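Below you will find one chain, with nothing else, as C-alpha cells; this is the form deposited in one PDB entry, and questions on how it binds or moves follow later.
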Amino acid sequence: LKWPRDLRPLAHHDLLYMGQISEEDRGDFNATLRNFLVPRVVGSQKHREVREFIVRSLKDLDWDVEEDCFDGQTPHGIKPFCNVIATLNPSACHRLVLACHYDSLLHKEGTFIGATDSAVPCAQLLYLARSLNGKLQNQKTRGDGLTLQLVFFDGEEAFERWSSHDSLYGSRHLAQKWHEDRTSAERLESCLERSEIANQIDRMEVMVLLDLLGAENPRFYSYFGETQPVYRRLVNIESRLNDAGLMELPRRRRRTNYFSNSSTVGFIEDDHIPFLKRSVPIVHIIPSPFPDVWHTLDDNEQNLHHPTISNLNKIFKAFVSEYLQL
C-alpha cells in the first residue's frame, strides 16, 4: 500500500539551504545542547529545569505546549513523570511527530549524563523548531491539515531491570491517554479524504523517534516495512547531501552511509512500542549497533562526535522540510 501523503522531492534550492551549516547555526545548536548535558534523573531538580527549558523554548516560538504529568508506581516507589508535547498547529488533523526521551538513566555506578541517550536528540528537536521557525510559521497558515508535533517523553528508562512494567512510563501513559481520547475528522482541520480518525492517536501520521544519537558513524536500517516510503526519503536526502558535498567528512572523497538501504533483524524496545501496538507508523532513528558508550558513565559530552551531529542535523532539517514542503 502506498503512503497516504504524496511525498514531493525537495527542490535543489531547498536541499542546498537545509544542507548549509553556518557558524551561528553551530553555535546555536551547541548553546541548546549545553542545557541538556546535565544529569536528568526522574523527579530531580535538574530534570525539572530541563523540562522548563523545553517548555519555555517552544512557547517562545508560539507553539502549543502541553505538560502531561502523572504519578506512576516503579520498583523505586511512586514517581512523578511529565511528558512534554509541543504542537505547531493544534487544529491540523495530521501530525508529523518527532520524538525522544528527556529523562536520564539512574546509573548504579554514579553520575550519568546520557549525552547520546538522549541529550543530543532533545537538542536536535529544539534546534529543528528554532532553525526552521520562519518556515514552520509560514506552513501553519496553509490550512493543509498537516503540522509538526514534538514529544519529549519522560520515564523511558528502567529504574531496575528493563521489563514491560519497568520502562517506557511516559510513552505507555501518553499512548493510552491519546487512544482513549475520542475524536473524528468532522472535528478537525483538513483530514486526508480516506482517513480513519476515531481518537487522538490516529492523528499521529508517523512517529519518527530519535534515540542514541551523537556518536560517530551510526548505522540505521528500516525497522518497519510499513514506513519504508518515509525511511527511503532519509536515504535519498543523505545521498543528495553527499552528492552536493555538504557532509562533513575527515578526508576528501568520502561519503556518509548512515541510512542503510536495507532492513535488519533487530528488535529494539523504546518509546515507540506503545504507539506501534496502537497502529501508529514508526520510523525508529536509533543506531544498530548501539554506541559503545551505551549505558556507561562514558556517555558524556566529550565522547560526542560533532561532525556527525552536524551531518544528522542537515538530514533532519531537509527531511522535515521535504515532508512539510517548507
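Between two forms, the rigid core is defined as the largest C-alpha subset superposing within 1.5 Å. Shifts are known only where both forms have a C-alpha. Throughout, we count residues from 1 along the sequence that is shown.
The following text describes the form deposited in another entry, which does not appear among the structures shown.
Compared between the shown form and the other one on the core, the listed residues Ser279, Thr296, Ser263, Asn30 keep their C-alpha shifts below 2 Å, save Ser263.
Relative to the shown form, the Cα atoms of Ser310 and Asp270 move apart by 3 Å or more in that other deposited form. Cα of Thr227 to Cα of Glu269: at least 3 Å shorter in that other deposited form than in the shown structure.
In sequence order, 263-273 is the sole run of at least 3 residues present in both forms whose Cα atoms shift by 2 Å or more between the shown form and the other one once the core is superposed.
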